[PDB]
């Protein structure tokens, strides 16, 4: 089907996501509203339920509020049943309005709707070519005190009505009981509890299998994407086996939230987007966009350096979800902030690389500080605000112009307050000019673009004071003055004669899974897909058309491969690298090694004979292992995704800089479980 189709669950670069807090959008069914102390119909106590639901979203899709804006994907609050308690935290009452305090991952939150209401939402969104992304928060259940079992619902987890267990007297060890995190280390943030939430123990086989069973249930209901909460607070090896469960079953676009502060660049963050099998909410983008367009704490050279730096640091930058604010930030618009600042920041996000997300109420200029004040009920459904019109004119270009959905980003003109960049994909191009200075016009001289000659009209129709661009020979533009606050977008689309790959989804799966390769210029007739030098042709190519190919992963050994497409005429595409072929289905095994004493700067790692363990390469070994919370030094431990049902060979090693010290003796062997969990507990062999 085409790359822009609503049925494309794997890749979202052609979409614009509207992020809805279900409770704060529209109460379409008053009969499902919480009663008593859990409800506030005026929505002035922002920690109570206001009444918004799935019928309210169905209504705003039907009457054209969302589709008039050009939205093609909706991201809603976690749909699962939550605790019913009103918890009083030092005077103020709190409810699960936000969907994050789960008690049954197999049932719906009835304040939002019934399972029939969820089905009706999937089907009415799809009939209007809107994809549906759900939050999924598998790190915890709800507020709990094992010392006081009467507090809230004591973190109890149910499985479709059946109690699996609570936090007090957890003889099954369904939960973690190591105390609360001080966030000092990533290790500390993973196994210790955050706030008062009952942390799930993913090394318990029942919890592992249950969470994997529950995500497949929501995939069977037709969801198109998953946003997973608190990814830096769950074992990276368990999350990799969780992604393999999704990708080897029904692959959908998945991304997580790993929060970064202003001008924080974390290698672990980039490593997670590049290796987990999921992408990330692009905080690096969001924070620099706020410094330049909102806070004025950096200028356009900072913006340029972030766009240029992130194109390299993210192995698949077209999968990162961008935004200028969301549920974990103060709203972009401030009380004394010029609305043009919000309007330019939205135009910047909508024409940039990645998958744009707009937080509900941006188009109505909502302001508010941090939680809960950034989650007020949206005040109006006015269809005529400038911000609504800016999204309406620009959001369609992600479907119609492949330079915007997939293209590279090239700075063509810049100074402290102005940037003009070009997006380019084959011969499709979009050029965007932004002057953030609200009182000084900018004289543009010397602009050269990849546009053919013509008089290009601003796609924004001059509403943000843009102008026509006259382009002559060699892509040279005639000089112009960019108005104060001016933003203009100019574009040209045409056919690709040669194959170009813009995006691939999923990026990690076992042999036989169908992956989706999107781009332009593939042609009508089936050609060849290369995974490395292995060619797959004929019946293994499930679908071929000019913008999308669906092909089965060949039976190649586990490892990472370059993908390349050749059309029927033998013309080959660009390489899309970093694809990981798994050895098979995954299970997460806890590896524990005792008596492994180390020097300062020396850490313990694991490697072995399958690609998941780095294929005996010390530079690709698993670790550094942990050694503080679950087990303490000199015992080291780590949760590692490993192929299910087979005998692996492995050894531990110590690494300090360039020096590797391998365990002596024979190679260790272990037969892994077919999907469930397991622990290996061994002693260092000198």
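Positions refer to the first chain, counted from 1.
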| property | result |
| --- | --- |
| Of 339-347 and 570-578, the one with larger mean CA B-factor | 570-578 |
| Mean temperature factor over C-alpha atoms, higher-scoring stretch between 57-65 and 34-42 | 34-42 |
| Deposited CA B-factor, highest of 487, 457, 173, 362 | 173 |
| Highest recorded Cα temperature factor - choice among 50, 630, 660, 644 | 660 |
| Ranked C-alpha temperature factor of residue 265 among modelled chain residues, by third | highest |
| Where the record places residue 29 (Cα B-factor, split into thirds across the chain) | middle |
| Among modelled residues of the same chain, the CA temperature factor third for residue 135 | lowest |
| Ranked against its chain, the third holding the CA B-factor of residue 331 | middle |
| Residue 677 by Cα B-factor - lowest, middle or highest third of the modelled chain | middle |
